[PDB]
Number of protein chains: 2
Amino acid sequence: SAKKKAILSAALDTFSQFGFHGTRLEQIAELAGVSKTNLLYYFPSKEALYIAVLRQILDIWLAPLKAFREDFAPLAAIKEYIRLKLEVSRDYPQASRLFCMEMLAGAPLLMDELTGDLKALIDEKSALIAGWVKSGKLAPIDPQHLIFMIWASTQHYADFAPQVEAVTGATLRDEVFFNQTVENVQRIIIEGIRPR
Amino acid sequence: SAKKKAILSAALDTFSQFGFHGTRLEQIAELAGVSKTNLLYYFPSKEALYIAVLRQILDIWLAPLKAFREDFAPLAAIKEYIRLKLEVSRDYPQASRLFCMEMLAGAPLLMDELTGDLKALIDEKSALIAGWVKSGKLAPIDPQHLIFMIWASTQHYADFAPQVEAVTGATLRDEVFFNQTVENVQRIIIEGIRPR
Ligand SMILES: O=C1CCNC(=O)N1
Ligand SMILES: O=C1CCNC(=O)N1
């Protein structure tokens with residue numbers, strides 16, 4: 001059995017409901033079917049567990065962007081990235097919300113992950129996208145700002161779901177709304193970067 | 001209005017630091033240079049004050065969208081809206097962050113503002129943008145999703161500033177970065193909606 005995974009999943013739900021400071025390791029333990037000491041065998045502190053949870057989300061989010069290669073068809077790759085990001089917003093919204101919460105507080109526990117591994121990845125893949133700009137496979141846009149727009153637009157549907165629901169009546173659990181959302185976000189970003 | 005303003009601004013800072021539940025009216029009062037009973041002449045409860053803080057940022061955010069009229073040149077109006085939203089992200093980031101925080105928690109106190117006045121505005125201005133779609137002044141996009149993209153892409157630079165800074169080295173207080181940000185967000189969205 002996958003007790004580490006059960007703890008991570010329980011932690012996500014607890015952290016998302018109570019925040020870092022309000023959350024007690026006893027709450028997570030009980031939710032995951034383990035004792036507090038058992039939990040401490042996998043994660044030596046609440047801090048370590050929290051960082052582990054946010055690393056899970058990062059890996060899920062960044063998987064498609066890691067996969068980008070020079071020889072990929074740029075528009076198709078970016079279309080697919082948008083779709084996959086929206087699937088994450090549909091399937092792991094509480095994680096998206098927790099990551100956002102950490103940013104709102106100034107990234108006190110996650111800053112190192114952003115300045116190190118994230119920055120290095122985005123430099124690498126920005127150069128790759130810049131190469132597509134120079135080839136004329138994309139219109140002249142800044143790679144970093146393109147990336148941020150993908151992140152912001154796709155994560156909005158989870159992080160701002162109450163507002164989305166108030167305005168539209170819907171959520172990403174509605175299959176028709178999910179599809180419309182994918183089509184429109186793709187339409188705007190893709191037509192914005194298509195070479196003319 | 002100088003005391004009402006001082007209370008609102010003190011409230012923003014206190015709420016941001018301590019959260020809704022941890023904040024006491026006596027903390028805000030002292031930070032604003034007024035007595036608790038003077039504060040209560042302006043705002044009869046902590047809840048009412050919290051909602052007012054978030055109403056300040058709504059009004060600021062929504063001013064350009066309120067101004068939209070049928071006869072406006074659609075691309076120029078949307079370009080300008082994007083710029084103005086980024087100015088707000090530069091100038092009132094802590095308010096953007098508090099509004100985001102309220103959404104992340106499910107909008108427990110702000111829901112009425114969203115279902116009433118906001119929804120009514122967005123319906124009105126979505127119909128107005130739909131009219132521009134039907135005229136051929138914009139490419140066929142969904143108005144609501146366009147609006148959400150403007151919101152998400154512009155608010156990202158405040159709400160996710162630590163990440164933006166980790167990746168780029170910059171903030172919206174850097175004049176060159178601010179200018180690049182405006183240009184690229186406009187480039188992507190405007191080219192995405194330009195009629196072909
Ligand atoms: O996909 C991602 C990468 C990490 N940060 C972000 O906001 N979205
Ligand atoms: O621009 C806006 C106003 C409405 N709410 C929001 O998230 N941003």
# chains A, B, ... in the order shown; residues from 1 in each chain; ligands from 1
$ residues_near_ligand --ligand "ligand 2" --cutoff "6 Å" --atoms "only C-alpha atoms and all ligand atoms" --output "PyMOL selection string"
chain B and resi 58+61-62+151
$ residues_around --residues "region 102-105 of chain B" --least-positions-apart "4" --cutoff "8 Å" --atoms "only C-alpha atoms" --output "PDB file with N, CA, C and O atoms, in the first residue's frame"
ATOM      1  N   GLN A  17      -7.813  23.435   2.989  1.00  0.00           N
ATOM      2  CA  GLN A  17      -8.900  23.870   3.851  1.00  0.00           C
ATOM      3  C   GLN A  17      -8.473  24.792   5.000  1.00  0.00           C
ATOM      4  O   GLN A  17      -9.193  25.736   5.313  1.00  0.00           O
ATOM      5  N   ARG A  97      -5.158  26.043  -5.889  1.00  0.00           N
ATOM      6  CA  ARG A  97      -5.479  27.004  -4.854  1.00  0.00           C
ATOM      7  C   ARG A  97      -4.420  27.087  -3.766  1.00  0.00           C
ATOM      8  O   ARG A  97      -4.045  28.183  -3.361  1.00  0.00           O
ATOM      9  N   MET A 101      -2.115  30.237  -2.844  1.00  0.00           N
ATOM     10  CA  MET A 101      -2.089  30.731  -1.469  1.00  0.00           C
ATOM     11  C   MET A 101      -0.664  30.985  -1.006  1.00  0.00           C
ATOM     12  O   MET A 101      -0.388  31.991  -0.366  1.00  0.00           O
ATOM     13  N   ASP A 159      -8.598  28.768  -9.441  1.00  0.00           N
ATOM     14  CA  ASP A 159      -8.335  29.770  -8.370  1.00  0.00           C
ATOM     15  C   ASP A 159      -9.495  30.787  -8.193  1.00  0.00           C
ATOM     16  O   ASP A 159      -9.801  31.179  -7.077  1.00  0.00           O
ATOM     17  N   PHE A 160     -10.141  31.148  -9.300  1.00  0.00           N
ATOM     18  CA  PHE A 160     -11.258  32.095  -9.315  1.00  0.00           C
ATOM     19  C   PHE A 160     -12.600  31.449  -9.647  1.00  0.00           C
ATOM     20  O   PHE A 160     -13.545  32.134 -10.064  1.00  0.00           O
ATOM     21  N   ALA A 161     -12.692  30.133  -9.422  1.00  0.00           N
ATOM     22  CA  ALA A 161     -13.912  29.350  -9.722  1.00  0.00           C
ATOM     23  C   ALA A 161     -15.204  29.951  -9.155  1.00  0.00           C
ATOM     24  O   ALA A 161     -16.206  29.930  -9.846  1.00  0.00           O
ATOM     25  N   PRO A 162     -15.182  30.495  -7.929  1.00  0.00           N
ATOM     26  CA  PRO A 162     -16.419  31.094  -7.429  1.00  0.00           C
ATOM     27  C   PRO A 162     -16.913  32.259  -8.286  1.00  0.00           C
ATOM     28  O   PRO A 162     -18.118  32.413  -8.468  1.00  0.00           O
ATOM     29  N   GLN A 163     -15.974  33.055  -8.812  1.00  0.00           N
ATOM     30  CA  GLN A 163     -16.305  34.184  -9.670  1.00  0.00           C
ATOM     31  C   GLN A 163     -16.767  33.705 -11.025  1.00  0.00           C
ATOM     32  O   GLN A 163     -17.761  34.187 -11.570  1.00  0.00           O
TER      33      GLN A 163
ATOM     34  N   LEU B  98      -5.401  40.352  -1.658  1.00  0.00           N
ATOM     35  CA  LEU B  98      -6.498  40.101  -0.722  1.00  0.00           C
ATOM     36  C   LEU B  98      -7.764  39.638  -1.430  1.00  0.00           C
ATOM     37  O   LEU B  98      -8.453  38.708  -0.981  1.00  0.00           O
ATOM     38  N   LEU B 109     -17.520  35.738   2.162  1.00  0.00           N
ATOM     39  CA  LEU B 109     -18.140  37.042   2.457  1.00  0.00           C
ATOM     40  C   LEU B 109     -18.476  37.883   1.233  1.00  0.00           C
ATOM     41  O   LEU B 109     -19.336  38.761   1.299  1.00  0.00           O
ATOM     42  N   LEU B 110     -17.786  37.637   0.126  1.00  0.00           N
ATOM     43  CA  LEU B 110     -17.933  38.450  -1.072  1.00  0.00           C
ATOM     44  C   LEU B 110     -18.887  37.885  -2.116  1.00  0.00           C
ATOM     45  O   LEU B 110     -19.113  38.528  -3.131  1.00  0.00           O
TER      46      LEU B 110
END
$ calpha_fit_rmsd --fixed "chain A" --moving "chain B"
0.7 Å
$ residues_around --residues "region 38-42 of chain B" --least-positions-apart "4" --cutoff "7 Å" --atoms "only C-alpha atoms" --output "PyMOL selection string"
chain B and resi 4+29+34
$ residues_near_ligand --ligand "ligand 1" --cutoff "9 Å" --atoms "only C-alpha atoms and all ligand atoms" --output "list in words"
residues 57, 58, 59, 60, 61, 62, 63, 65, 85, 96, 99, 100, 103, 114, 118, 147, 148, 150, 151, 152, 154 and 155 of chain A; 156, 160 and 163 of chain B
$ write_last_selection --atoms "N, CA, C and O atoms" --output "short mmCIF file (atom, residue, chain, number, x, y, z; two decimals), in the first residue's frame"
data_model
loop_
_atom_site.label_atom_id
_atom_site.label_comp_id
_atom_site.auth_asym_id
_atom_site.auth_seq_id
_atom_site.Cartn_x
_atom_site.Cartn_y
_atom_site.Cartn_z
N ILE A 57 2.46 19.29 -7.23
CA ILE A 57 1.69 20.17 -8.13
C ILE A 57 2.55 20.74 -9.23
O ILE A 57 2.14 20.82 -10.40
N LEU A 58 3.72 21.21 -8.86
CA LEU A 58 4.67 21.73 -9.84
C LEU A 58 5.01 20.69 -10.92
O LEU A 58 4.88 21.00 -12.11
N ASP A 59 5.38 19.48 -10.50
CA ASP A 59 5.69 18.40 -11.44
C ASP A 59 4.52 18.10 -12.40
O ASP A 59 4.73 18.01 -13.59
N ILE A 60 3.32 17.97 -11.86
CA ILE A 60 2.12 17.77 -12.67
C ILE A 60 1.97 18.92 -13.67
O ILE A 60 1.87 18.69 -14.87
N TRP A 61 2.00 20.15 -13.17
CA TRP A 61 1.86 21.34 -14.04
C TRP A 61 2.92 21.42 -15.12
O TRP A 61 2.61 21.73 -16.27
N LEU A 62 4.18 21.18 -14.75
CA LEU A 62 5.30 21.40 -15.65
C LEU A 62 5.60 20.25 -16.60
O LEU A 62 6.43 20.44 -17.50
N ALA A 63 4.94 19.11 -16.45
CA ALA A 63 5.28 17.93 -17.29
C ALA A 63 5.23 18.22 -18.81
O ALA A 63 6.19 17.95 -19.51
N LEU A 65 5.48 21.11 -20.37
CA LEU A 65 6.50 22.10 -20.73
C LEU A 65 7.91 21.51 -20.74
O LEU A 65 8.72 21.85 -21.60
N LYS A 85 -3.20 21.82 -19.12
CA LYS A 85 -3.28 22.70 -17.95
C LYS A 85 -4.70 22.87 -17.48
O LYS A 85 -4.97 22.90 -16.28
N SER A 96 -4.08 23.74 -6.98
CA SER A 96 -3.87 24.98 -7.65
C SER A 96 -4.10 26.15 -6.69
O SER A 96 -3.28 27.08 -6.65
N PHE A 99 -1.19 26.31 -4.09
CA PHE A 99 0.00 26.89 -4.67
C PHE A 99 -0.19 28.40 -4.75
O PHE A 99 0.70 29.16 -4.42
N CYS A 100 -1.37 28.83 -5.17
CA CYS A 100 -1.69 30.25 -5.24
C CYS A 100 -1.59 30.91 -3.87
O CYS A 100 -1.04 32.00 -3.75
N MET A 103 1.88 31.69 -2.96
CA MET A 103 2.34 32.89 -3.68
C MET A 103 1.82 34.17 -3.02
O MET A 103 2.59 35.11 -2.83
N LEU A 114 11.29 28.14 -6.85
CA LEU A 114 11.07 29.10 -7.91
C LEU A 114 12.36 29.70 -8.48
O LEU A 114 12.53 29.78 -9.71
N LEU A 118 12.66 26.01 -11.24
CA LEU A 118 11.68 26.64 -12.11
C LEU A 118 12.35 27.64 -13.06
O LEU A 118 12.21 27.50 -14.27
N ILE A 147 4.33 32.25 -21.75
CA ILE A 147 4.25 31.22 -20.70
C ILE A 147 3.39 31.68 -19.53
O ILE A 147 2.51 30.94 -19.10
N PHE A 148 3.61 32.89 -19.04
CA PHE A 148 2.81 33.41 -17.94
C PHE A 148 1.35 33.51 -18.28
O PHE A 148 0.51 33.30 -17.41
N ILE A 150 -0.28 31.53 -20.37
CA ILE A 150 -0.81 30.16 -20.33
C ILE A 150 -1.13 29.78 -18.88
O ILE A 150 -2.22 29.33 -18.57
N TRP A 151 -0.17 30.02 -17.99
CA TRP A 151 -0.34 29.73 -16.56
C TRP A 151 -1.49 30.47 -15.96
O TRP A 151 -2.37 29.86 -15.36
N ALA A 152 -1.54 31.77 -16.18
CA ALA A 152 -2.56 32.60 -15.58
C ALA A 152 -3.96 32.27 -16.07
O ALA A 152 -4.89 32.14 -15.28
N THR A 154 -5.14 29.53 -17.52
CA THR A 154 -5.61 28.18 -17.22
C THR A 154 -5.87 27.97 -15.73
O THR A 154 -6.86 27.35 -15.36
N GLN A 155 -5.01 28.53 -14.88
CA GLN A 155 -5.17 28.43 -13.44
C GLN A 155 -6.34 29.27 -12.91
O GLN A 155 -6.90 28.95 -11.85
N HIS B 156 -2.18 38.40 -12.70
CA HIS B 156 -1.03 37.49 -12.45
C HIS B 156 0.20 38.25 -11.98
O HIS B 156 0.92 37.77 -11.11
N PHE B 160 1.09 36.76 -8.51
CA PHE B 160 2.23 35.85 -8.68
C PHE B 160 3.57 36.59 -8.83
O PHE B 160 4.57 36.00 -9.31
N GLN B 163 6.97 34.88 -8.12
CA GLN B 163 7.34 33.93 -9.18
C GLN B 163 7.85 34.68 -10.40
O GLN B 163 8.88 34.31 -10.99
#
$ atom_distance --atom1 "CA of residue 157 (chain B)" --atom2 "CA of residue 181 (chain B)"
8.9 Å
$ residues_around --residues "residue 11 (chain A)" --least-positions-apart "2" --cutoff "12 Å" --atoms "only C-alpha atoms" --output "NGL selection string"
:A and (3-9 or 13-20 or 23-32 or 39 or 43 or 46-54 or 56 or 94-95 or 98)
$ write_last_selection --atoms "C-alpha atoms" --output "CSV table (one decimal), in the first residue's frame"
chain,number,residue,atom,x,y,z
A,3,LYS,CA,1.0,5.4,2.5
A,4,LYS,CA,3.3,8.2,1.4
A,5,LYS,CA,0.8,8.9,-1.4
A,6,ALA,CA,-2.1,8.8,1.0
A,7,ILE,CA,-0.4,11.2,3.3
A,8,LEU,CA,0.4,13.6,0.4
A,9,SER,CA,-3.2,13.5,-0.7
A,13,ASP,CA,-6.9,18.5,1.3
A,14,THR,CA,-6.0,19.7,4.9
A,15,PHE,CA,-3.6,22.4,3.8
A,16,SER,CA,-6.1,23.7,1.2
A,17,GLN,CA,-8.9,23.9,3.9
A,18,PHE,CA,-6.9,25.2,6.9
A,19,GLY,CA,-3.8,26.8,5.5
A,20,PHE,CA,-0.2,26.0,6.6
A,23,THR,CA,-3.1,22.6,9.9
A,24,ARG,CA,-2.0,20.1,12.5
A,25,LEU,CA,-0.1,16.9,11.6
A,26,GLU,CA,-2.6,14.9,13.7
A,27,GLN,CA,-5.5,16.0,11.2
A,28,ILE,CA,-3.5,14.7,8.2
A,29,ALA,CA,-2.5,11.5,9.9
A,30,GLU,CA,-6.1,10.6,10.8
A,31,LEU,CA,-7.3,11.5,7.3
A,32,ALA,CA,-4.6,9.2,5.8
A,39,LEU,CA,3.7,10.1,9.1
A,43,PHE,CA,8.1,13.6,6.4
A,46,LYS,CA,5.0,19.9,8.7
A,47,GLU,CA,7.2,22.2,6.6
A,48,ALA,CA,8.8,19.3,4.7
A,49,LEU,CA,5.4,17.8,4.0
A,50,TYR,CA,4.0,21.2,2.7
A,51,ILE,CA,7.0,21.6,0.4
A,52,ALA,CA,6.5,18.1,-0.9
A,53,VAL,CA,2.8,18.8,-1.6
A,54,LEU,CA,3.7,21.9,-3.7
A,56,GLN,CA,3.8,17.4,-6.6
A,94,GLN,CA,-7.4,22.5,-4.5
A,95,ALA,CA,-3.8,22.1,-5.3
A,98,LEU,CA,-2.8,25.9,-2.3
$ closest_residue --among "B:158, B:140, B:106, B:174" --to "chain A" --atoms "only C-alpha atoms"
B:106
$ closest_residue --among "B:36, B:189, B:170, B:66" --to "residue 117 (chain B)" --atoms "only C-alpha atoms"
B:66
